[PDB]
Structures are given as structure tokens and as C-alpha cells.
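Which chain is which? They are A, B, C, D and E, in the order written, and residues in each are numbered from 1.
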């Protein structure tokens, strides 16, 4: 009961976990999430680029 | 993947994409399309290699020790209290985040060297070692042969020199919902005593030792420990360590300049 | 009828007005709220004082000067002496809460200067003397602000207060990763942050751990021409938000 | 599997067990509850500590003797020093609450005696000296029980503690109109009352007014034969119920 | 002819037995049975918590 994922390109690769503890698995590098809104624009008030930050 | 560029022509408006109020604390979402004309560019660049997972997921030495094949009195084995602050490299990396959560991939590189003597007729057999982990509270070894090396419960690894380096996986053994990289607090409720990360620190010791003495000739083996975070989670970014490290049990430092100086505030010939 | 400067915040018997502001920085985008049954460990029922505790407490003021290097206030403690907050804080083993920090400072159109207002969570600090650990009094003095220095601090058990490193061994100019706002006399008047509970555990003791430190450092030194008012104070006002408490018992701290 | 003696009461971190009881007297049939928007005057939002305050506080014990005339404890105050109750009580102008009073005393099958446990609301007392008014210390001593006497009290500013009149100028044997239970060593072990908030106003100050007094008077003198245990203590345990508070400010009492 | 079982988490793992003697197999750790009623409440008489153990 394996699984096929795509490779890192500019084709996939098959894979099976042989161990019972998920900690044994390899690093998940096919991951790609991202939220910069935490660090930039953490203002309660949404800002329009065209507008001024004071009006 | 990165965002591609948008085609931009000339403008004439009361719109001020070029001016904001940094005092806001909000970072500008200003692209080059504003404040200048641009062609259209379908950008394929991927940020794949800057993912938190990839930034950390790489084996790094965190420490190492020594022990002799011989010595009367037992006393010829070593130990080390697990911790990741005795090495500059990795510490600084992990300390770019306040809290983190991850599994660990342990890899050991064991090597042996032979020292000068007078001993003759030496035809030394293979060397077999034993690394034994001892969770906090467990009975610790006293001599190269105290009963505790039976590891009836404590896990450990036996390895014969000449083979591929030993390796195991450790789950997220934290008590809280994550590992703490910093701790602006004390150990006791009366602020007396230990202050610093040193209080959250408590993950047991690691014991190494030769199983067989090999020969009567003096030998000294060295064990290198390598960590390698996997399945990573990181919270609250911090300013990388500016000052050099001075102690393993605290943040202590001696004041350092923000950067290096140049001749004028106009010198392009950077330092 | 408005200005993105105007602003009215109310919690309990307290109310804040802003005649000059930017916006309101909100933690890491996360707005504070009560601990869910899914993230809890303490099985006892918690106390939620509400109005009695989640209100605006205004600490002692401080005077800004042409040489002032900066100030800081540890937080879980600083309110250790404020009404029923400090109380629930003494009678309980565990507690968790968010905050609404409001730093206020005002000058005239002829004064100039610029302050950085940040909330450093887990601001562990180093000792002035490599071999020791900085004593408690040097770390925090409750409502009394502590001070950074425009040079190296000295011996015994003090904190390495030299401002360039914020006493944390980093580049002071990078503190901007943590929640912050700037008070630029020229265009500002006040700064307001909304720090949510941030920690590696659902709850914690409040006298043993300071989950964050407020720092007010001036990057643009205060100045004014002769004749201008010379005393320019800074005042910090903070308000606990969604404070829960667990493990009731006698009061104190070991 | 039960006995109308058995009994388990729980509020907060506290729990009461009754191996010997009658029933549970409940105020005037009225069970305590939070003040409705229809009966209120104070417009500010009230604080409802809940678990932190509505729990079981156990006052100092007292020794019963063959001569003991009786004891009494004023109430709004008596808990003025008990954890967060006493606190919310110091920081607020207004407050209202119900109570669960539990008087406990135990002897052996060979001891005999009988106590009257009552809750006198608005128990105004007279002075030992006609011309004056009894000083505060004579009226209540917080958790320390005050004592009645088997004779006339004397001069200055004390209370006319002679038991026959309960210091109120009435017939001690009529106190039974107020909520009460009897502790008859022979068949009892504890007494439990549930006093609801009773007053001519939705809320009141707590240091200026004692809305009721608990009295424990023995009508059947304690006795026992030689050899029997000689020390028979009485212990009062009370628990605030549905405590609300209004008008927050600094703390104290004028 | 393999078999897929879930891993120990907070994803599965494939597995096949290569030997003929079941004793050769790995320890079954995915097990989770439990009966405390043997050791506690081993009374022939069921007890109601609200009630007393004597009446």
C-alpha cells in the first residue's frame, strides 16, 4: 500500500513507510504553506496602497 | 512558488502607493508595478528551499566526547547531558524561533585512535561500542561495568567499528505543546535561584563505553552526536544572535556593534 | 466624520481615546480569546473575573530626555500590584491572558523625536557579568520602568543594559519582528498593540514567568529649541483581556 | 442505599459531607440567585467571580463547655478576610450574595446537649450602657466568634450580651422565626442553612452593613460522665452563593 | 499479499511477513485492550458512587 508524489523539477517517485511510529518517517519537504500577513499588515485596519495611512 | 511581475504603464492620480505611515507597524505591500513602469514577467522561481523544514533539516554536530579502552578503577567511559546549546552553529539556527516542535534524527559517528606506548605483539580485534540513553531519574552508571549497562528498559545502541554510522529517530518528547527556545522566567516561585532556559532543560544523559578492551595497547575513542530536526513547526521569529555566545546555560553576552563601519555615510567601498 | 487617527477603546470602567494614531497592531494577527476545552489540561473550573480584571491599568509615568536610551517593563508581572488583577494573580497557581497595550506621549508641532514600541515575548536577558545570573530586581521592578543604557552596564548582578543589544544579544534595530508601532512625534501621539496570550503551554504561573516584555526605545532622539516645554513624559496603559485563572489556594509566591 | 442523614454538598474546590443531618433549611423557601435586570439600579456591569469566591470558607473553631452561654458571628463581615471573597469585598462599593451555612459539632453516644443554629437578618444589638452605642469591636470580630453571657454585661461600650435576650431585647426562645436547625448531639451532627440575599435594597456595601448574624446558643447544656472526652469543639463553615459586585475602585473602607 | 496499518501519530505503513513461523513476526504494539474491572470493583455486588457501601 504505497504512495506516489511528484518530484522537485524545473515525473514522480513512489514511497512506502516501513516503520510503525510516524516519527520514523522522512522529512516532509513537499510542503509549501505561507502566511506573511501575520508579520506584515498585522493591523486591525486593512490598508489600501493607493490611499494614505492618515486621513 | 514566487509571484510574477505585472505589466505597468504611466500613471497620473491622487493615489499614493509610494507613501504610507511606517509608524503603523504594517509592512508595505508595494511592488515595483507602483512607483515605476514595468514589463510583464512570468516568474517561476520557487521558495522551496527556504521552508522552515528545509532550513533546519540537516544533520549538525552538537557535541562529542572521549573514553579510553583501559583504566583501572572503571572510570573509562563518558557521558553527556543532552542539550543543544554547546555548539554555535545549530543553536543560532534554532534560536531564530521562540518555540518549535519537531522529531529528531540521531546519527552517531564513532572513531578510535591509538596512542604511543612500548607494548608489543599487538593484533587488535574489532571494537564494539555501546551508547546508552538514560531518561531523567534513571540509575546512572558508575564504572565501566556497573549493572546499569544491562539497559533492560533504557534504550541503547551497540555498534561495531567499520560499519555505517548508527542512527535512530526520537519523537517530540516535550512536556508542553512545544519546545521552548527561551524562557524569561525562574525555576522556583520565589524568583530565587536559576534564571533562564537552563530551567526547562532536562532531557537525560547519554552514556558511551567500549564493550571490549581490544588489546592491552592504549586506545582513545571519540563519539560525535548529530541532530537533525524533522517534521518541523516554528513560532514567533526572533532577531538572529548578534553577539557571540559566551555560555551554554544562558543568554549572557558582551556588547557588540551593530555592524562594521565604513569611511563616510557615502562610501560605496563597503568596509 | 472621522480620521484614521481618531479612536475610542473601552473595557470595564476604563476608556481610551486617540486623537492621533496609525492603526492598531494586533499580535500575530491573532486576537485574544478564552482557552478552549480542546487545548486545556487543568481540569478544575477556571475563574473569569471579566470586568473586575480585564480593564485599563495605567502604570507610573517616565520622563523622556535628550539622552534617554530607553525603557522596558516585564509583563506577566508589572500588574502584580494592580487591583483585582494582581490579586487573582496571587491566589492562583495558573493564569493566562491577553493584553491591550497603549503607550502615550505627546509633544508640540515644534518638538521632534521617535520611539519604537514593541512587545518582545520571552525576552530573556543576559547578565552584565558573564559568570553570573542577573538578580530579579534588575530584571523587573513591577510598575517602575527599567532602563537601558547608552553604554556597557557594570558588574555583579545587573543586566547588560547597553541599548544596541536590547540586553538580549541581538541587533536592536531588528526588534521589528515582534508586534510594534512607532511614535513619531511629528505625526504620532500614541501607539496601540493587542498582544494575545503567547506561550508553549495553555497556562502558566504569573510570578515565576514573564511571557513578554514591553520596550520603548528612542531611535530619533528628542529635541526642541529653547523656550519649548522641556518636560515630555511617556505613559504606559495596559489592559488584561480574557484572563482565566486556575488552581486556587492561599496567596503569595513560595 | 441512603439515609436522610447522608449528604454531599459541593461548591468550587470545596465539598461537604453529612453522616448525620435532618434536612437542609432553605432561607424563607427562597433559593439564592443573581440579581435580575428588573430589580437593579446600578447600571455598570457587575463582576461574578463564581468559583473563585462562591466556595466553602471555614472560620476559626470554638470550644463548647458546660457553661458556654452562646456565640454569634455577624456576616457580611466575617468573610472580610477570606481569600478572593474578602478582596472583591474591599475593592467594591456594592455587593450582594447568598450563603450556605454549615455548623458542625460532634460528640459520642454518651455525650448530651443541644444547640440552636439560627440566621438573624438585620440583627441590630443594644449597648450594655443605655446612654451609648456599642463600639464596632464589640459587635463583630470577623472570623473570631463573639460571646453571649449568662448574666448582664457591663458598662462603657460593650453589647448587652445576656443570652436570655440575644442582645436584641427579645425572648431568646423565639429566635425560631428566623431560618434555623437544631444540633441535638443525641441525634445530630451538623446543621445546614441556605440563606438567600435578604435586604430592603438590591445591593449594599459590605463593610458598613451586616445583613444578618449567625447565632449558636445552647439550650440543653453539654454534659458527660467522667472519663468521656472533655473537649467538644464547634466549627462554622460558610460558602458565598451568587456573589455580584458593583462600583469598582481602589480598596479599603473610608 | 501485504497489509497496511495506521502509524502512531498525534498516515499508515505497509507490512509483509517474510517468515513461516509466526514467532518470527514483530511485536504487536498496535494493540490497545483494557479491563480494570478485574482489579477494581471485583465485588459480586455492583456499587453506585452516589450511594453508601453500607445500608
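One rule holds in what follows: a residue touches a chain if its C-beta (ideal position, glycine included) is under 8 Å from a C-beta of that chain, and two chains touch if they have at least 3 such contacts.
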Between A-B and A-C, which chain pair is linked by the larger number of C-beta contacts? A-B
Starting from the Cα centroid of chain E, hunt down the chain whose centroid lies farthest away. D
Please report how many Å separate the Cα centroid of chain B from that of chain C, as a whole number. 31
Mean-CA-position distance for chain E and chain C (Å): 51
Hey, how far is the Cα centre of chain D from the one of chain E, in Å? 54
Of all residues in chain E, which are in touch with two or more distinct other chains? none
Would you mind listing the residues of chain C that make contact with two or more other chains? 22-23, 25, 28, 177, 179, 187
Residues of chain B engaged with two or more neighbouring chains: 21, 23-26, 172, 237
Inter-chain touches occur between A-B, A-C, A-E, B-C, C-D, D-E
Chain B contact footprint on chain C (complex, rising order): 22-23, 25, 28, 39, 74, 121-127, 130, 133-134, 136, 139, 152, 160, 162, 164-165, 168-175, 177-184, 187-188, 191, 193, 198, 200-202, 205, 207-213, 253-254
Considering the complex alone, what residue numbers of chain E touch chain D? 48, 51-52, 55
Touching residues of chain A toward chain C in the complex: what are they? 35, 37-39, 42-45, 47, 53-55
Mind pulling up the chain C residues that touch chain D in the complex? 12-13, 44-52, 55, 83-84, 87-88, 91, 245, 248, 250-251
Using the touch definition up top, name the residues of chain C that touch chain A in the complex. 3-5, 22-29, 177, 179, 187, 194
